Every structure is written in C-alpha cells, then in structure tokens.
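Asker: Pasting the sequence and an experimental structure:
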Amino acid sequence: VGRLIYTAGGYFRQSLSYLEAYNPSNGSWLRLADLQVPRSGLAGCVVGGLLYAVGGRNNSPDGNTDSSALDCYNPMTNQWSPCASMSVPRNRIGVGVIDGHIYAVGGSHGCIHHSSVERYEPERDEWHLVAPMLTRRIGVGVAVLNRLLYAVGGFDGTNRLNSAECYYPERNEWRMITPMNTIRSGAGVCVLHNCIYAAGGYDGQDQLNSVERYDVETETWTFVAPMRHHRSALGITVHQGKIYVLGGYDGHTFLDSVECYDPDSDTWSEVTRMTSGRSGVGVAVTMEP
Ligand SMILES: CCCCc1ccc(S(=O)(=O)N(CC(=O)O)c2cccc(-n3ncc(C(=O)O)c3C3CC3)c2)cc1
C-alpha cells in the first residue's frame with residue numbers, strides 16, 4: 001500500500017520541471033518539488049525507494065541542452081539531490097533497473113545517436129560503461145524482465161526501428177530478439193507478467209494507438225487491445241498488475257489523458273487526467289512522500 005505514480009519533467013512548448021504524483025487508490029494528484037533543471041525526453045526509475053530522473057534535454061526559448069544528469073528525489077524529504085553524471089548527454093533515453101543498478105541506454109547528443117550503454121551503482125555513486133547495443137537507438141523503449149535488459153525500437157538517425165535486442169549481464173553481451181510487428185520510435189515500453197509491452201510510438205508516418213507484447217518464452221510479438229488515444233513520447237509504468245500510460249503527443253494535442261490496461265480483460269480505460277497535457281515525461285512508482 002501507499003505507492004504513487006510519479007511523473008517528472010516533460011514538454012509542452014518547452015521542457016518542464018514538474019514533479020507530480022498520482023494516487024490510483026483515490027484519484028488525487030499532488031504537485032511536489034520541481035526538478036532543479038527542466039527536462040523532456042528523460043526517463044524515471046526507482047531504486048531503494050528513491051526516484052531517479054535520468055538524461056533528457058532542456059529545450060527552452062534560449063537553449064537546447066542535452067542532459068547527462070542523474071538526479072535523485074527522496075519522497076521522505078520532498079527534495080532533489082544531484083547524483084553522479086553519466087559519461088555522455090542522453091536525450092530521448094531509456095532506462096532499466098537490474099538488481100539495484102540503473103542502466104542508461106542509447107539516446108542522443110546533438111546529431112549523435114548513441115549505441116552506448118552505462119550502468120549506475122547507487123551504493124558507490126558511480127557510472128561505468130558496459131557493452132554497447134548492436135544498433136544506435138534514440139527514443140528507445142527499455143524494460144527489464146527476469147534480470148535481462150531489453151532495448152526496443154527507436155530511431156537510428158535514418159530509420160525508425162521495429163528491431164529489438166536483449167542484454168545478458170553475465171556475458172556483457174547484446175543479442176537481437178524477434179523484431180516487433182510495427183516500427184515504433186518513442187513508444188512506451190514496460191514489463192507485465194512474462195511479457196515486454198510496447199505501446200504507441202511513431203512509425204515514421206503516424207502516432208500509434210496499437211500495443212504489442214513480446215513473450216520471452218515463445219519469442220513472439222502479439223497485438224493486444226489498442227489504446228483509446230494514439231500517442232508518441234508517452235510515459236509508462238506498471239502498478240498492481242496494470243499498465244498506465246501518461247500523456248504523449250497524438251499528432252494534434254499534447255495529451256493529458258492517462259489510460260490503464262487490464263490484462264485479464266484485455267481492455268484499456270481512461271482513469272485520470274494529468275494537470276496539464278505534456279509529452280516526454282519520466283515515470284516510476286514509489287512510496288507517497
Ligand atoms: C516534433 C514535434 C511534435 C510534437 C512533440 C512531441 C514530443 C516532444 S518531447 O519533448 O517529449 N520529445 C522531443 C525531442 O526530444 O525531439 C521527445 C521525447 C522522447 C521521444 C521522442 N520521439 N518519439 C518519436 C520520435 C520520432 O520522431 O521517431 C521522437 C524523436 C526523434 C526523437 C520525442 C516534443 C514535441
């Protein structure tokens with residue numbers, strides 16, 4: 001009990017500093033301490049009850065600064081603190097956690113599209129590079145299942161991608177997996193039960209409402225019910241056996257919609273609205289502040 005869905009940063013006209021937390025048990029939203037630096041295209045994650053904001057970019061009227069930052073938010077104090085910075089700026093990043101360690105995957109620095117990957121050790125407050133992906137990927141979806149790290153879709157600088165790959169930590173090695181049925185850049189990627197879900201994204205022509213899942217045992221991708229809204233650059237997380245998607249861009253509006261997927265009924269429902277429409281957020285779940 002007592003866990004909230006935290007959304008950090010995002011974009012609407014410029015990069016945002018908002019930290020806001022949604023309580024699925026009562027429908028309430030709380031506005032919490034702003035990020036020290038506004039950022040869109042970041043990712044969020046939680047280790048040891050602390051919320052981490054990783055990478056992104058501050059797009060403002062006066063600048064476009066890609067972020068190498070790792071910042072940690074403690075719900076017990078409602079305060080952000082800087083942590084060690086990554087080796088390189090990573091906008092449009094994906095992140096995953098294995099065994100208490102944060103993996104930062106891909107992303108962009110100016111016109112550079114990274115294949116590099118690095119791993120953070122909270123105990124030592126240190127990052128170290130690991131093996132790079134087989135593909136350069138920005139707008140890459142990342143998730144962890146069974147202590148394996150997956151990088152899904154994205155954009156390599158020339159093409160949006162349906163390909164996906166998996167990192168095996170004990171071998172420090174990446175291998176391709178079955179590609180998705182749909183090209184997806186800027187999708188929401190998460191894990192639920194024994195599958196990696198890829199929701200939404202941009203296929204090079206349109207923002208998508210379709211959703212597909214990779215069963216790690218059978219190595220197949222299967223479509224599930226589509227979202228109500230087409231969305232790219234959405235936030236995503238899992239809480240109490242359901243997927244939550246937050247915001248994004250539908251080709252017309254920066255959405256405030258939050259939809260929730262129930263795998264037992266294979267249905268999506270609209271559960272709340274953010275306080276304002278935005279894309280490019282980082283999202284994670286931890287205790288209320
Ligand atoms: C263009 C204007 C359309 C409306 C719009 C949408 C979103 C934002 S964002 O600030 O959230 N952002 C903007 C940024 O960093 O370029 C952002 C963050 C994460 C992923 C992505 N993403 N997803 C799909 C694709 C794609 O093209 O394949 C991309 C781009 C190539 C990286 C974008 C701002 C404005």
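Answerer: Received it, and whenever you're ready, just let me know what you need. Numbers count the residues shown, from 1 in each chain.
Asker: Quick one: the strands in the stretch 151-289 of the chain, in order.
Answerer: Applying DSSP state E, counting those that start in this stretch to the stretch 151-289 of the chain gives strands spanning 164-168, 173-177, 188-192, 195-199, 211-215, 220-223, 235-239, 242-246, 257-262, 267-273, 282-287.
Asker: Adjacent strands (with direction) for the first one?
Answerer: Think strand 164-168. The pairing partners recorded for strand 164-168 under DSSP bridges are strand 148-152 (antiparallel), strand 173-177 (antiparallel).
Asker: Can you list the buried residues in the last one?
Answerer: Meaning strand 173-177. By neighbour count with 16 or more other CB atoms under 10 Å, strand 173-177 contains the buried residues 174, 177. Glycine gets a C-beta too; all of them are placed from N, C-alpha and C.
Asker: Any residues of the stretch 1-150 of the chain in contact with the ligand? List them.
Answerer: Within the stretch 1-150 of the chain, the positions adjacent to the ligand are 11, 40, 41, 57, 91, 92, 138, 139 by CB under 6 Å from any ligand atom.
Asker: Farthest-apart pair in the residues you listed, please.
Answerer: Using CB to CB, the pair of those lying farthest apart is 11 and 138, separated by 15.1 Å.
Asker: re the thing from before, okay, and which of the residues of the stretch 1-150 of the chain next to the ligand map to helices?
Answerer: Of these, none are assigned to helices by DSSP state H.
Asker: and these as TSV, adding neighbour count and distance to residue 146?
Answerer: Below are those laid out as TSV (neighbours: other CB atoms under 10 Å; distance: CB to CB, whole Å):
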residue	neighbour count	distance to residue 146
11	23	33
40	24	31
41	29	28
57	28	32
91	28	29
92	27	26
138	24	26
139	28	25
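Asker: for this structure, which residue is closest to the average position?
Answerer: residue 43 (4.7 Å; CA atoms, centre = their mean).
Asker: Might one say that that one is in contact with residue 97?
Answerer: No - Residue 43 is beyond contact range of residue 97, at 10.6 Å (criterion: CB atoms under 8 Å).
Asker: What separation is there between the residue of the stretch 101-250 of the chain found nearest the ligand and residue 26?
Answerer: The stretch 101-250 of the chain approaches the ligand most closely through residue 186 (2.0 Å), counting by CB to the nearest ligand atom. Distance, residue 186 to residue 26, using CB to CB, to the nearest Å: 31 Å.
Asker: These two: who's more crowded?
Answerer: When neighbours are counted by other CB atoms under 10 Å, residue 186 and residue 26 differ, and residue 186 comes out ahead with 27 against 6.
Asker: you'd agree that one is up against residue 201?
Answerer: Yes - counting by CB under 8 Å, residue 186 touches residue 201, with 5.1 Å between them.
Asker: for the closest residue to residue 44 other than its chain neighbours, what are its contacts?
Answerer: With CB to CB, 6 or more residues apart in numbering as the criterion, residue 44 has its nearest non-adjacent residue at 3.2 Å, and that residue is residue 282. Residue 282 sits next to 7, 8, 9, 42, 43, 44, 53, 54, 56, 235 when contact means CB atoms under 8 Å, 6 or more residues apart in numbering.
Asker: Having no further points to raise, I will conclude here.
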